[PDB]
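Report on one structure; see the data block that follows.
Every chain is numbered from 1, with letters handed out A, B, ... down the list of sequences.
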Amino acid sequence: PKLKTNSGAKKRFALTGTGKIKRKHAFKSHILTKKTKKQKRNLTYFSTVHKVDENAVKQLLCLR
Amino acid sequence: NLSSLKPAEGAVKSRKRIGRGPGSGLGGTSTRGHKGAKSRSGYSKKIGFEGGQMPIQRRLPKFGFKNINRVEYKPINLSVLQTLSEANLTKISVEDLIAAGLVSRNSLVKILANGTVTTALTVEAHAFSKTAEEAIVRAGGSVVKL
Amino acid sequence: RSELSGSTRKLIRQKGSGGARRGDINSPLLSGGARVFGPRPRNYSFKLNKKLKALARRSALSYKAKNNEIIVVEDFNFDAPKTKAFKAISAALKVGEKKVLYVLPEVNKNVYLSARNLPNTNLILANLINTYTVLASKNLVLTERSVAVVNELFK
Amino acid sequence: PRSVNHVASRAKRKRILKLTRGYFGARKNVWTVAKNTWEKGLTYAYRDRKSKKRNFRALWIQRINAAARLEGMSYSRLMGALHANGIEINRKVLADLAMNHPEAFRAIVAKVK
RNA sequence: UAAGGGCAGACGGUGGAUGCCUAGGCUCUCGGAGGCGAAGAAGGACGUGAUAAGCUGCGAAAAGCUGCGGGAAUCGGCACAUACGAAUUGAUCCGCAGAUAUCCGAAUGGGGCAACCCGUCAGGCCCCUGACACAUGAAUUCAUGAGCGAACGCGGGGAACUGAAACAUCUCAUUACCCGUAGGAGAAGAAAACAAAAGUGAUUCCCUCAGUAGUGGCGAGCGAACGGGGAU
RNA sequence: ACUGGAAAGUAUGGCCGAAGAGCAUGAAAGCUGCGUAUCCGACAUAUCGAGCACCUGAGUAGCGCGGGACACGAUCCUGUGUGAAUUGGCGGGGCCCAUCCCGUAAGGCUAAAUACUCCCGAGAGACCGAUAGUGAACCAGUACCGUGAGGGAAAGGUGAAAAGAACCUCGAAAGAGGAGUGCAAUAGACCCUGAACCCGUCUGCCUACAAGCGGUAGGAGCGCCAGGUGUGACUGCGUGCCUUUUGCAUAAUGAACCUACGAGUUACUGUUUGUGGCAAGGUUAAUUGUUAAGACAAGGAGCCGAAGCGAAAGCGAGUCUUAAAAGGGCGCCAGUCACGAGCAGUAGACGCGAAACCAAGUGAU
RNA sequence: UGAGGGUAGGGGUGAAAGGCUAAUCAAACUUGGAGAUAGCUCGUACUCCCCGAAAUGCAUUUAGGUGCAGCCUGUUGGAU
RNA sequence: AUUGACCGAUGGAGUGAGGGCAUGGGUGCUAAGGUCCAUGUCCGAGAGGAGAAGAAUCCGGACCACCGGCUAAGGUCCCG
RNA sequence: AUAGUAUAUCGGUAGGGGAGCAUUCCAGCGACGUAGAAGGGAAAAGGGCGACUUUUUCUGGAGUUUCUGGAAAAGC
Ligand SMILES: [K+]
Ligand SMILES: [K+]
Ligand SMILES: [K+]
Ligand SMILES: [K+]
Ligand SMILES: [K+]
Ligand SMILES: [K+]
Ligand SMILES: [K+]
Ligand SMILES: [Mg+2]
Ligand SMILES: [Mg+2]
Ligand SMILES: [Mg+2]
Ligand SMILES: [Mg+2]
Ligand SMILES: [Mg+2]
Ligand SMILES: [Mg+2]
Ligand SMILES: [Mg+2]
Ligand SMILES: [Mg+2]
Ligand SMILES: [Mg+2]
Ligand SMILES: [Mg+2]
Ligand SMILES: [Mg+2]
Ligand SMILES: [Mg+2]
Ligand SMILES: [Mg+2]
Ligand SMILES: [Mg+2]
Ligand SMILES: [Mg+2]
Ligand SMILES: [Mg+2]
Ligand SMILES: [Mg+2]
Ligand SMILES: [Mg+2]
Ligand SMILES: [Mg+2]
Ligand SMILES: [Mg+2]
Ligand SMILES: [Mg+2]
Ligand SMILES: [Mg+2]
Ligand SMILES: [Mg+2]
Ligand SMILES: [Mg+2]
Ligand SMILES: [Mg+2]
Ligand SMILES: [Mg+2]
Ligand SMILES: [Mg+2]
Ligand SMILES: [Mg+2]
Ligand SMILES: [Mg+2]
Ligand SMILES: [Mg+2]
Ligand SMILES: [Mg+2]
Ligand SMILES: [Mg+2]
Ligand SMILES: [Mg+2]
Ligand SMILES: [Mg+2]
Ligand SMILES: [Mg+2]
Ligand SMILES: [Mg+2]
Ligand SMILES: [Mg+2]
Ligand SMILES: [Mg+2]
Ligand SMILES: [Mg+2]
Ligand SMILES: [Mg+2]
Ligand SMILES: [Mg+2]
Ligand SMILES: [Mg+2]
Ligand SMILES: [Mg+2]
Ligand SMILES: [Mg+2]
Ligand SMILES: [Mg+2]
Ligand SMILES: [Mg+2]
Ligand SMILES: [Mg+2]
Ligand code: NA
Ligand code: NA
Ligand code: NA
Ligand code: NA
Ligand code: NA
Ligand code: NA
């Protein structure tokens, strides 16, 4: 049958123009005052999935 | 000529066949290694599994929302308008754009500014970028949003 | 294994018998047991692009034209089915000792019945020409009206 | 279609069983015993092709030693005198000359002694 | 030298492989049809031959009886042998319509350990034996039903192993399975409908929409509709 | 005419064909037989106007409490307790209100396009060919096993034709030797062919002072038929094989032997790649038409490519971040459809193997 | 002690041994779900040619399993 | 200088029970064919020669054939 | 393997890659067979190498097969 997309991956990742995968950063949810502003600003940015994990993320999204 | 058919070189290839002796280099363990989960019949990969450590599709948060009234425009750039007109035209329109296979029938068109539109044209599109509209009007054209 | 007529009962207890351990009677290791990875009913058809098939039709006809195995004969219709009548045309055209294909533009029921009993004779309509039937005969006999049909269709 | 290579499968066994004729007991005709014995024998033959060159050179030297000693000279001193004089006759030729043509051997000795 | 033994060959024994073959299977396509039964079924018991174990056919009219159409020299089944017969005044054989059709079995006169035992009532023969009728339940004496049997339909009930690399929500699955009950199909079906200022108008089924919108210890998983193209 | 036991074979020379499908006949038949193409046939039986406010479905719609079905852990159903209005009404458009739009619940009936095969008729197969294919080619759900529910085999072939061996010899007769039939009896009833493991007899060479996985590399003599073949005095070297292991002659695992059987397959959805078609375009799906399942022609719905950035509104070779900018992030500065192949997931998914769990029955001989 | 009845599977029966319930009992037998699951053991068949490891780190209800890295190989582009 | 030995992209893996020896160490008893690390090496996955016979000590990396020659470690009274 | 004959290289478990043989059946062009097919016994000869192939003779008494392409119930 048809391949099924993982429901959690399709709410956490996105594709870019050249094929890289967009992602958010962790450690940004609730324990915030003790962290530095530089740390929090770096964590607020979007990032890309690492090369060693692209295969697993693509399998989760059905090679998308 | 059915007695002398031949396919192109390198077009057909024999399939791999495992577990049929030592000379093939694929017998015995038949490419599976020695023991463990991966050697058994019926093993399949658990796609998100990482051995028990919290997987990447769980360590990371969800983000965003999808708008149920989103509007998307098919981008038709400036250099296409001058190319199509000269090839085939001095008044471009959606029904003409569809007739030349450049856009589907039920699709909305916005004109952008990637190129030059030197030829003087009257243009009927659903949407126009600020720079794209100025490019036509400067080149002695007309812009009709409809 | 799930299609055999034996019961799923375990034949002998797991331990203590002194021989090899055994499950049910349908095992492929047993005489009269299951057939493993045998035939299954299959559909063998696959797709070819439409433009690919048109080009292969033209290549076979080009091969015929190059090998000089194309005869154009005037359109003929029989009053009644007679196998001896159609043998005359083949013998008069000197194509009767090897597989020959007759391309006809219309039904011609009388002609079909006259050529049916002859071993190395094939009849086809000019609009249903395919690659395999062209290459399956040494000689190709086109009727003067089948040329016009082919020219408009497979251009 | 169903494909079973009965004749071909059986022909492979029959060819090898011709090679195991002359063996002791079940090693000549019982298939899994005979094939085991034949395969082990082929390993011996690869090793014994090499040892043949060792055994025949040792036999040439022993015969040359006896022939030289009848003319008051050991093998080591005779060989040292030949290599000193540039004589390139090999040990197989000299041993043959020692055994079957003793007068020619005596001329080689008389040239370096 | 050989009591004996080893190896090779020749010729045999045993055993039933292989090659060749088919009388039986397997998967389908096209068309039809989709029941049988109280006027007694499905399935059985017992019988039935010149000869007769077993199958087949048949039912005390018992390898069979009577017509009509076909057909033309053999025939009395498998199936021999022996024996006696039938048939060109048309046997056997084939198609159609009739006759006969024991006992059990829904079994239905009452019982019963299926193929058995015991009755009432009206008739006719003579301690017996023929040939009728006699269950129950739902309608109005009459009419009806019951039981059996492929799958497909619709209803009533309804698991667990398993997956979640443990497990309880969840999954397996509105599955397996049990029960009730139709038809040649059934169910659905003619808007208190969709849609979004633009429109389509009953139901059913196929291709898309789409692994999308959603749903979810937001885990494993589950998963539409609108719109468009078709069949009808 | 030849070969042959026997022509249908082969070589000549004819003929038919709307019939050159096939099966049978002493080998392989268009012209020997049954048939085939085509045409013709049934006594039976079976089937095929204005106004007006009168009406328009009640323990119903709706609601509370507890459950169920909907993709779903507003809409639909209801066990329990309640409960409207009436065309200016009532219901729906995903809490809810307003407006607007759509529609008329609490009555009913309807063909087609869809699902299936115990069965009848006609066909087919790059399906099996007797340890295969149905459990069952024969006798089969039989024999046999079980109290019962239930479980459940093995087993095909003489020959063209029984012509199935009158009669003799040895034997008490079982068995054979002959004779005869036959192309063949080493086709003689367990009968086509007739392998291996295993078992005999004969012939040739070796062997009773000799000690290890049994061979291998040398090497006389002898025996047969011109240098081939059988044997092997004597010599050198040599602790089987598989699997599992850091490491096995291992006293770790495994097998009596032979013949036969026996374990990465297929479907669908992706992805990479070899080879092709078309190319800023590529490609059809369901289905339809013609012809006779295939073949040819239609079918553009949809899908991918063609612009990105942003959570989004939205801007656009830019965009987001900023009060703005600079900086910075992401972008800008040949695809598509197939064929073959590798791999992945869903299906039992390379094979054999649990202890167990659940459902419906059978058993207190 | 004979004959005939009755109690049926989380049930029966038990002067109680977890005894007995058709040579079977800490949950009978038969058929079905069903080819349950088995991170375990055993097994995996024609040929020749080229290259050729690892038994470490991190994480893990993890420790004889697995994910990623490290180390092999095919194709392709660069020099290093 | 170096037969080319390195890297990127992308298809396919296996391995994630190691072991001996030398050197530097911890632990142990300055025990263990012990155990835990580091640096090399060999066995694993490696035949041939010497050591009487020994996985990793000494010499040495097997394309095939040869009744040719030179050497390594180690040897030259006989078995040899 | 590189360069176009020269230079280098060729021990291997897990494992990756390349190139082939046999088996059953199909399409096409064609052959063989009672003047003896398949199968079975014996012998001889071939192959860069091999999986395997060819020939002769005995048995046997009716089917068999080259090459090119295609598909698997494709090897103990
Ligand atoms: K954890
Ligand atoms: K009764
Ligand atoms: K025999
Ligand atoms: K002696
Ligand atoms: K043991
Ligand atoms: K129980
Ligand atoms: K055959
Ligand atoms: Mg927050
Ligand atoms: Mg390997
Ligand atoms: Mg092995
Ligand atoms: Mg193993
Ligand atoms: Mg391991
Ligand atoms: Mg592994
Ligand atoms: Mg398993
Ligand atoms: Mg079971
Ligand atoms: Mg079978
Ligand atoms: Mg297979
Ligand atoms: Mg024999
Ligand atoms: Mg057979
Ligand atoms: Mg009559
Ligand atoms: Mg679980
Ligand atoms: Mg009915
Ligand atoms: Mg209908
Ligand atoms: Mg709303
Ligand atoms: Mg059978
Ligand atoms: Mg014979
Ligand atoms: Mg025989
Ligand atoms: Mg002595
Ligand atoms: Mg150990
Ligand atoms: Mg290992
Ligand atoms: Mg050892
Ligand atoms: Mg021992
Ligand atoms: Mg073990
Ligand atoms: Mg054993
Ligand atoms: Mg052993
Ligand atoms: Mg064995
Ligand atoms: Mg065995
Ligand atoms: Mg106790
Ligand atoms: Mg008991
Ligand atoms: Mg239990
Ligand atoms: Mg299940
Ligand atoms: Mg199992
Ligand atoms: Mg190497
Ligand atoms: Mg473990
Ligand atoms: Mg890994
Ligand atoms: Mg580990
Ligand atoms: Mg470890
Ligand atoms: Mg140690
Ligand atoms: Mg230490
Ligand atoms: Mg240790
Ligand atoms: Mg090494
Ligand atoms: Mg080397
Ligand atoms: Mg190598
Ligand atoms: Mg096989
Ligand atoms: Na292997
Ligand atoms: Na003797
Ligand atoms: Na009567
Ligand atoms: Na800026
Ligand atoms: Na012969
Ligand atoms: Na075999």
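Residue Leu29(C) is in sugar-phosphate contact alone, with no base atom involved, counting any heavy-atom pair closer than 4.0 Å across all strands shown. Looking at heavy-atom distances under 4.0 Å, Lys4(A) makes contact with a base.
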At a cut-off of 3.5 Å, list every protein nitrogen or oxygen paired with a nitrogen or oxygen from nucleotides 18-20 of chain E, distance to 0.1 Å.
{"from": "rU18(E)", "atom 1": "OP1", "to": "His6(D)", "atom 2": "NE2", "distance (Å)": "3.1"}

Dump every N/O contact between nucleotides 45-53 of chain I and the protein below 3.5 Å, one line per pair.
none

Enumerate all atom pairs, one protein N or O and one N or O from nucleotides 160-168 of chain E, separated by less than 3.5 Å.
{"from": "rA164(E)", "atom 1": "OP1", "to": "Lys46(B)", "atom 2": "NZ", "distance (Å)": "2.7"}
{"from": "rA165(E)", "atom 1": "OP2", "to": "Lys46(B)", "atom 2": "NZ", "distance (Å)": "2.9"}
{"from": "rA165(E)", "atom 1": "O4'", "to": "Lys46(B)", "atom 2": "NZ", "distance (Å)": "3.3"}

Please produce a list of atom pairs where a protein N or O lies less than 3.5 Å from an N or O of nucleotides 319-321 of chain F.
none

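Remark: the bases of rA10(E) and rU201(F) meet in a Watson-Crick or G-U wobble pair, both edge contacts within less than 3.5 Å. No canonical Watson-Crick or G-U wobble pair links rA37(F) to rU287(F) with each of its two hydrogen-bond distances shorter than 3.5 Å. A Watson-Crick or G-U wobble pair links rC241(F) with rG254(F), both defining distances under 3.5 Å. Pairing status of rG60(I) against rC30(E): not a Watson-Crick or G-U wobble pair with both distances under 3.5 Å. Between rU291(F) and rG276(F), the two key atom distances do not both fall under 3.5 Å in a Watson-Crick or G-U wobble layout, so no such pair is counted. Pairing status of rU235(F) against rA217(F): a Watson-Crick or G-U wobble pair, both distances under 3.5 Å. No Watson-Crick or G-U wobble pair links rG22(F) with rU117(F) with both defining distances under 3.5 Å. Pairing status of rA130(F) against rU47(F): not a Watson-Crick or G-U wobble pair with both distances under 3.5 Å.
Annotation: of the two residues near RNA chain H, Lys50(D) and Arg54(D), the 5′-most nearest-nucleotide partner is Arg54(D).
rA28(F): no Watson-Crick or G-U partner with both key distances under 3.5 Å is found in any strand.
Residue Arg49(D) has no polar side-chain atom (N or O) positioned under 4.0 Å from OP1 or OP2 of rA62(H). For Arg1(C), no side-chain nitrogen or oxygen approaches OP1 or OP2 of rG351(F) to under 4.0 Å. Contact between the side-chain N/O atoms of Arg70(B) and the OP1/OP2 oxygens of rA313(F) is found at a separation under 4.0 Å. An OP1 or OP2 oxygen of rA42(I) is reached within less than 4.0 angstrom by a side-chain nitrogen or oxygen of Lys18(D). Taking side-chain N and O atoms only, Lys53(D) has a distance below 4.0 Å to OP1 or OP2 of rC67(H).
At a cut-off of 5.0 Å, the side chain of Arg47(D) touches the paired bases from the minor-groove side alone.
Residues from residues 6-19 of chain C placing a heavy atom under 4.0 Å of any atom in RNA chain G, listed by number, are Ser7(C), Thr8(C), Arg9(C).
Shown here, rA197(E) is classed syn by the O4'-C1'-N9-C4 or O4'-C1'-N1-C2 angle, which is within 90° of 0.
Bounding nucleotides for the chain C contact on RNA chain G, 5' to 3', at a heavy-atom distance below 4.0 Å, are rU30(G) to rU41(G).
What separates CZ of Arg17(B) from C1' of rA72(I) is a distance of 10 Å, to the nearest Å.
Note on ring orientation: taking the six-membered ring where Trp is involved, the planes of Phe63(B) and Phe46(A) are perpendicular (angle over 60°, cut-offs 30° and 60°).
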